[PDB]
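File shown: work16.tsv. Contents: TSV, C-alpha atoms.
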chain	number	residue	atom	x	y	z
A	1	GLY	CA	0.00	0.00	0.00
A	2	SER	CA	1.58	3.24	-1.38
A	3	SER	CA	4.27	4.41	1.08
A	4	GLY	CA	4.20	7.81	-0.74
A	5	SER	CA	7.76	9.08	-0.38
A	6	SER	CA	10.68	6.76	-1.24
A	7	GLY	CA	14.48	7.04	-1.05
A	8	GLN	CA	15.66	4.52	1.61
A	9	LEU	CA	14.42	1.37	3.46
A	10	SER	CA	16.13	2.16	6.84
A	11	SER	CA	12.88	3.75	8.10
A	12	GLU	CA	10.84	0.57	7.42
A	13	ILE	CA	13.36	-1.66	9.26
A	14	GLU	CA	12.64	0.48	12.37
A	15	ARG	CA	8.87	0.10	11.85
A	16	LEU	CA	9.39	-3.68	11.80
A	17	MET	CA	11.25	-3.60	15.15
A	18	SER	CA	8.07	-1.96	16.57
A	19	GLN	CA	6.12	-5.09	15.48
A	20	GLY	CA	8.53	-7.27	17.52
A	21	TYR	CA	10.75	-8.73	14.75
A	22	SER	CA	14.46	-8.59	15.70
A	23	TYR	CA	16.92	-6.70	13.49
A	24	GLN	CA	18.68	-9.96	12.53
A	25	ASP	CA	15.43	-11.56	11.30
A	26	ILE	CA	14.35	-8.31	9.54
A	27	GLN	CA	17.65	-8.31	7.59
A	28	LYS	CA	17.39	-12.10	6.83
A	29	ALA	CA	13.84	-11.52	5.45
A	30	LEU	CA	15.10	-8.63	3.25
A	31	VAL	CA	18.06	-10.77	2.06
A	32	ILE	CA	15.83	-13.68	1.04
A	33	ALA	CA	13.36	-11.21	-0.62
A	34	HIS	CA	16.22	-9.86	-2.82
A	35	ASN	CA	16.06	-6.55	-0.83
A	36	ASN	CA	12.25	-6.32	-1.45
A	37	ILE	CA	10.84	-4.74	1.77
A	38	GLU	CA	7.17	-5.25	0.65
A	39	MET	CA	7.82	-8.98	0.06
A	40	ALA	CA	10.05	-9.36	3.17
A	41	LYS	CA	7.29	-7.79	5.34
A	42	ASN	CA	4.83	-10.44	4.06
A	43	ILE	CA	7.33	-13.18	5.12
A	44	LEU	CA	7.77	-11.74	8.65
A	45	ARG	CA	3.98	-11.24	8.98
A	46	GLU	CA	3.24	-14.92	8.08
A	47	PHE	CA	6.18	-16.82	9.71
A	48	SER	CA	7.55	-14.51	12.40
A	49	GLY	CA	3.90	-13.37	12.98
A	50	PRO	CA	1.08	-15.33	14.71
A	51	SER	CA	0.36	-18.30	12.35
A	52	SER	CA	-2.72	-19.09	14.61
A	53	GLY	CA	-5.35	-17.35	16.83
B	1	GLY	CA	22.62	-25.87	-7.41
B	2	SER	CA	20.55	-26.51	-10.56
B	3	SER	CA	18.03	-29.37	-10.22
B	4	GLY	CA	18.43	-30.87	-13.75
B	5	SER	CA	14.83	-31.15	-14.99
B	6	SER	CA	11.49	-29.32	-14.58
B	7	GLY	CA	7.77	-30.22	-14.92
B	8	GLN	CA	6.58	-30.15	-11.27
B	9	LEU	CA	7.22	-28.34	-7.96
B	10	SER	CA	5.39	-30.87	-5.73
B	11	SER	CA	8.63	-32.90	-6.08
B	12	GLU	CA	10.25	-30.32	-3.71
B	13	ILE	CA	7.25	-29.86	-1.34
B	14	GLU	CA	7.72	-33.60	-0.59
B	15	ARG	CA	11.42	-33.05	0.27
B	16	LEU	CA	10.62	-30.12	2.56
B	17	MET	CA	8.25	-32.35	4.58
B	18	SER	CA	11.30	-34.59	5.30
B	19	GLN	CA	13.22	-31.59	6.74
B	20	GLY	CA	10.33	-31.09	9.25
B	21	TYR	CA	8.68	-28.04	7.61
B	22	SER	CA	4.87	-28.38	7.87
B	23	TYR	CA	2.65	-28.51	4.78
B	24	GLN	CA	1.34	-25.03	5.74
B	25	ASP	CA	4.89	-23.60	6.19
B	26	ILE	CA	5.95	-24.89	2.76
B	27	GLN	CA	2.87	-23.30	1.11
B	28	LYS	CA	3.12	-19.96	3.04
B	29	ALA	CA	6.74	-19.59	1.83
B	30	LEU	CA	5.84	-20.42	-1.82
B	31	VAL	CA	2.94	-17.89	-1.74
B	32	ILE	CA	5.19	-15.06	-0.51
B	33	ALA	CA	8.13	-16.16	-2.74
B	34	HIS	CA	5.77	-15.83	-5.78
B	35	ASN	CA	5.92	-19.63	-6.28
B	36	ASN	CA	9.77	-19.56	-6.38
B	37	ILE	CA	10.73	-22.88	-4.67
B	38	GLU	CA	14.40	-21.82	-4.19
B	39	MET	CA	13.44	-18.52	-2.55
B	40	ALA	CA	10.76	-20.34	-0.50
B	41	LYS	CA	13.33	-22.98	0.62
B	42	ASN	CA	15.64	-20.11	1.75
B	43	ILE	CA	12.83	-18.66	3.95
B	44	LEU	CA	12.40	-22.01	5.71
B	45	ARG	CA	16.24	-22.38	5.96
B	46	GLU	CA	16.73	-19.00	7.82
B	47	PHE	CA	13.44	-18.81	9.85
B	48	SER	CA	11.91	-22.30	10.25
B	49	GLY	CA	15.49	-23.68	10.69
B	50	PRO	CA	17.91	-23.33	13.66
B	51	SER	CA	18.53	-19.56	14.10
B	52	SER	CA	21.35	-20.46	16.58
B	53	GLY	CA	23.26	-23.74	17.09
Can you dump the structure from the file as structure tokens?
Amino acid sequence: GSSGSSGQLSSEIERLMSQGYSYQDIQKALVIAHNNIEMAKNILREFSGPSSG
Amino acid sequence: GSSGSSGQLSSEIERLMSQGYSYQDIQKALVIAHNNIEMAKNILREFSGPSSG
């Protein structure tokens, strides 16, 4: 969903820490997503997120 | 490491079950990896695998 401004991804890594994901895992997700933050966020949200409830 | 042949992907879902990844985990990774089995295998290998050890 349209972030609006763009230029860096550093700001989104911080938003992910707020969710509870650790910096190591956030980077590993980005790595495996070929730097794609949108894609990497989906990974974290499905695996590192509550896969129940 | 190139597989050799192509025609199915289920052939790899079956191998991931052996590693201990659940049927759901395998699918969730494929969905987010845009059906890329290699990329999906990497997700499992850095998140569903031993983070430390």
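Across A:6, A:18, A:42, A:11, the tightest approach to chain B is made by A:42 when counting all atoms listed in the file.
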Item checked: All residues 10 Å or closer to residue 32 in chain B, only C-alpha atoms, same chain fewer than 2 positions away omitted, as a list in words -> residues 33, 39, 40, 41, 42, 43 and 46 of chain A; 27, 28, 29, 30, 34, 35, 36, 39, 40 and 43 of chain B
Selected residues, C-alpha atoms, written as a short mmCIF file (atom, residue, chain, number, x, y, z; two decimals), in the coordinates of the input, please.
data_model
loop_
_atom_site.label_atom_id
_atom_site.label_comp_id
_atom_site.auth_asym_id
_atom_site.auth_seq_id
_atom_site.Cartn_x
_atom_site.Cartn_y
_atom_site.Cartn_z
CA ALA A 33 13.36 -11.21 -0.62
CA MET A 39 7.82 -8.98 0.06
CA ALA A 40 10.05 -9.36 3.17
CA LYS A 41 7.29 -7.79 5.34
CA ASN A 42 4.83 -10.44 4.06
CA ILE A 43 7.33 -13.18 5.12
CA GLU A 46 3.24 -14.92 8.08
CA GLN B 27 2.87 -23.30 1.11
CA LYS B 28 3.12 -19.96 3.04
CA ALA B 29 6.74 -19.59 1.83
CA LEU B 30 5.84 -20.42 -1.82
CA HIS B 34 5.77 -15.83 -5.78
CA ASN B 35 5.92 -19.63 -6.28
CA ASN B 36 9.77 -19.56 -6.38
CA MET B 39 13.44 -18.52 -2.55
CA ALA B 40 10.76 -20.34 -0.50
CA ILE B 43 12.83 -18.66 3.95
#
Notebook entry, point to check: CA of residue 48 in chain A and CA of residue 10 in chain A are how many Å apart?
Noted result: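 Going from CA of residue 48 in chain A over to CA of residue 10 in chain A covers 19.6 Å.
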Check: Could you work out how far CA of residue 44 in chain A lies from CA of residue 16 in chain A, giving the answer in Å with one decimal?
Finding: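 According to the coordinates, CA of residue 16 in chain A and CA of residue 44 in chain A are separated by 8.8 Å.
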Item checked: Distance of CA of residue 13 in chain A from CA of residue 26 in chain A, expressed in Å to one decimal place -> 6.7 Å
Check: Between A:49, A:7, A:12, A:1, which has the minimum distance to chain B (counting only C-alpha atoms)?
Finding: A:49
What does chain A look like once superposed on chain B, all Cα atoms paired in sequence order, least squares? Give it as a JSON list (two decimals) with C-alpha atoms, in the coordinates of the input.
[["chain", "number", "residue", "atom", "x", "y", "z"],
["A", 1, "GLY", "CA", 21.94, -25.61, -7.34],
["A", 2, "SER", "CA", 20.79, -27.12, -10.71],
["A", 3, "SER", "CA", 17.86, -29.49, -10.02],
["A", 4, "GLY", "CA", 18.42, -30.91, -13.57],
["A", 5, "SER", "CA", 14.93, -31.96, -14.65],
["A", 6, "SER", "CA", 12.02, -29.52, -14.25],
["A", 7, "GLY", "CA", 8.26, -29.70, -14.86],
["A", 8, "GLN", "CA", 6.54, -29.44, -11.42],
["A", 9, "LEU", "CA", 7.29, -28.29, -7.82],
["A", 10, "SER", "CA", 5.18, -31.00, -6.05],
["A", 11, "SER", "CA", 8.31, -33.17, -5.64],
["A", 12, "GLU", "CA", 10.21, -30.39, -3.79],
["A", 13, "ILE", "CA", 7.31, -29.77, -1.36],
["A", 14, "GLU", "CA", 7.72, -33.44, -0.30],
["A", 15, "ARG", "CA", 11.50, -32.98, 0.13],
["A", 16, "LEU", "CA", 10.74, -30.04, 2.45],
["A", 17, "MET", "CA", 8.43, -32.19, 4.63],
["A", 18, "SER", "CA", 11.48, -34.49, 5.12],
["A", 19, "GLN", "CA", 13.35, -31.48, 6.61],
["A", 20, "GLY", "CA", 10.53, -31.04, 9.18],
["A", 21, "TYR", "CA", 8.64, -28.04, 7.71],
["A", 22, "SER", "CA", 4.85, -28.61, 7.77],
["A", 23, "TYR", "CA", 2.86, -28.52, 4.52],
["A", 24, "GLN", "CA", 1.04, -25.34, 5.63],
["A", 25, "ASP", "CA", 4.32, -23.46, 6.23],
["A", 26, "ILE", "CA", 5.85, -24.84, 2.98],
["A", 27, "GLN", "CA", 2.87, -23.45, 1.02],
["A", 28, "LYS", "CA", 2.98, -20.08, 2.93],
["A", 29, "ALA", "CA", 6.72, -19.78, 2.06],
["A", 30, "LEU", "CA", 5.99, -20.51, -1.64],
["A", 31, "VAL", "CA", 3.09, -17.98, -1.60],
["A", 32, "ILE", "CA", 5.24, -15.20, -0.16],
["A", 33, "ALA", "CA", 8.08, -16.11, -2.62],
["A", 34, "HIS", "CA", 5.66, -15.60, -5.57],
["A", 35, "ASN", "CA", 5.76, -19.41, -6.18],
["A", 36, "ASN", "CA", 9.62, -19.35, -6.22],
["A", 37, "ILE", "CA", 10.66, -22.69, -4.61],
["A", 38, "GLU", "CA", 14.41, -21.73, -4.56],
["A", 39, "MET", "CA", 13.61, -18.48, -2.70],
["A", 40, "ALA", "CA", 10.94, -20.11, -0.46],
["A", 41, "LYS", "CA", 13.46, -22.82, 0.57],
["A", 42, "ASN", "CA", 15.89, -20.08, 1.69],
["A", 43, "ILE", "CA", 13.09, -18.57, 3.87],
["A", 44, "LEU", "CA", 12.25, -21.93, 5.52],
["A", 45, "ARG", "CA", 15.98, -22.68, 6.02],
["A", 46, "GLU", "CA", 16.59, -19.33, 7.83],
["A", 47, "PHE", "CA", 13.33, -18.81, 9.83],
["A", 48, "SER", "CA", 11.75, -22.25, 10.15],
["A", 49, "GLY", "CA", 15.34, -23.65, 10.41],
["A", 50, "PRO", "CA", 17.75, -23.39, 13.39],
["A", 51, "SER", "CA", 18.60, -19.63, 13.65],
["A", 52, "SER", "CA", 21.27, -20.62, 16.32],
["A", 53, "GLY", "CA", 23.67, -23.49, 17.26]]
Check: Pick from A:53, A:37, A:9, A:19: nearest to chain B, with all atoms listed in the file counted?
Finding: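 Closest to chain B, using all atoms listed in the file: A:37.
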Check: Nearest to chain A: which of B:47, B:20, B:5, B:52 is it, counting only C-alpha atoms?
Finding: B:47
